[PDB]
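Undergrad: Okay, handing you the structure first.
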Amino acid sequence: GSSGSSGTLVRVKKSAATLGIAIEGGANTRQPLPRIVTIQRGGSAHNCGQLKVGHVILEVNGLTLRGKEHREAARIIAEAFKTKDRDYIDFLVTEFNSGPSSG
């Protein structure tokens with residue numbers, strides 16, 4: 001399996017004391033991958049700025065969130081924060097072009 005052309009790997013360092021990110025969707029729901037609906041201020045992601053509100057996590061630290069439920073994902077991401085081996089979390093987003101008419 002190739003590296004992955006569709007998508008942009010985003011590295012978020014655990015700068016903040018606690019990661020604060022919100023998502024929605026899930027396999028069950030029309031949306032297969034989780035989409036960022038809210039990005040807490042005191043969260044590594046935000047502090048980074050690289051990421052924005054409205055992204056879609058397709059892969060985290062190598063683990064793909066395909067066919068996974070938002071809940072199952074929340075755990076995957078969190079687990080990446082607990083560990084110490086790495087001082088960051090990989091966030092693969094595509095920034096789908098939802099309703100280009102306006103945005």
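By order of appearance in the structure tokens: chains A, B, ..., then residues from 1 within every chain, and ligands from 1 in the order shown.
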Using DSSP on the backbone coordinates, identify all residues within chain A classified as strand (DSSP E or B); present the result as a list in words.

TA: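 The strand (DSSP E or B) subset of chain A is residues 8, 9, 10, 11, 12, 13, 21, 22, 23, 24, 26, 35, 36, 37, 38, 39, 56, 59, 60, 63, 64, 69, 88, 89, 90, 91, 92 and 93 of chain A.
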
Undergrad: Considering only C-alpha atoms, return as a compact mmCIF listing (two decimals) with C-alpha atoms, in the first residue's frame whatever protein or nucleic-acid residues lie within 7 Å of residue 60 in chain A, sequence-local ones (same chain, fewer than 3 positions apart) excluded.

TA:
```
# COMPACT_ATOMS: atom_id res chain seq x y z
CA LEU A 63 -4.02 3.62 12.36
CA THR A 64 -6.71 4.38 9.77
CA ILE A 77 -6.22 9.50 19.26
CA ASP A 90 -0.15 12.18 13.50
CA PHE A 91 -3.36 13.58 12.01
CA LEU A 92 -4.14 12.66 8.41
```

Undergrad: Figure out the distance between CA of residue 22 in chain A and CA of residue 37 in chain A, please, to one decimal in Å.

TA: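 CA of residue 22 in chain A lies at a distance of 5.8 Å from CA of residue 37 in chain A.
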
Undergrad: Nearest to residue 42 in chain A: which of A:27, A:65, A:76, A:16 is it, counting only C-alpha atoms?

TA: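 Among the listed residues, the smallest separation from residue 42 in chain A belongs to A:16.
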
Undergrad: Hey, which of A:11, A:59, A:52, A:81 ends up closest to residue 40 in chain A? Count only C-alpha atoms.

TA: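 The answer is A:52, which sits nearest to residue 40 in chain A.
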
Undergrad: Among the residues of chain A, find those DSSP assigns to helix (DSSP H, G or I) from the backbone and print them as a short mmCIF file (atom, residue, chain, number, x, y, z; two decimals) with C-alpha atoms, in the first residue's frame.

TA:
```
data_model
loop_
_atom_site.label_atom_id
_atom_site.label_comp_id
_atom_site.auth_asym_id
_atom_site.auth_seq_id
_atom_site.Cartn_x
_atom_site.Cartn_y
_atom_site.Cartn_z
CA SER A 44 -2.22 20.93 21.07
CA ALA A 45 -4.05 21.05 17.74
CA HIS A 46 -5.12 24.67 18.19
CA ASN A 47 -1.81 25.84 19.67
CA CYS A 48 -0.35 24.41 16.46
CA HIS A 70 -16.30 8.40 16.01
CA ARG A 71 -16.14 6.83 19.47
CA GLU A 72 -13.58 4.20 18.45
CA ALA A 73 -11.49 7.04 17.03
CA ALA A 74 -11.61 9.23 20.14
CA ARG A 75 -9.87 6.35 21.91
CA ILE A 76 -7.27 5.85 19.19
CA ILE A 77 -6.22 9.50 19.26
CA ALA A 78 -6.18 9.70 23.06
CA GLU A 79 -4.01 6.59 23.21
CA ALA A 80 -1.50 8.40 21.00
CA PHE A 81 -1.33 11.18 23.59
CA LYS A 82 -0.84 8.95 26.63
#
```

Undergrad: For residue 19 in chain A, which residue among A:86, A:41, A:66, A:55 is the nearest when counting only C-alpha atoms?

TA: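 That would be A:41, the residue with the smallest distance to residue 19 in chain A.
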
Undergrad: What gap, in Å, lies between CA of residue 56 in chain A and CA of residue 93 in chain A?

TA: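 Going from CA of residue 56 in chain A over to CA of residue 93 in chain A covers 5.1 Å.
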
Undergrad: I'd like the neighbourhood of residue 23 in chain A as a list in words, where a residue qualifies if any of its atoms comes within 6 Å (using only C-alpha atoms), though same-chain residues fewer than 4 positions away should be ignored.

TA: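 Those residues are residues 34, 35, 36 and 37 of chain A.
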
Undergrad: Using only C-alpha atoms, which of the listed residues (A:13, A:67, A:83, A:31) sits closest to residue 49 in chain A?

TA: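 Distance minimum relative to residue 49 in chain A lands on A:13.
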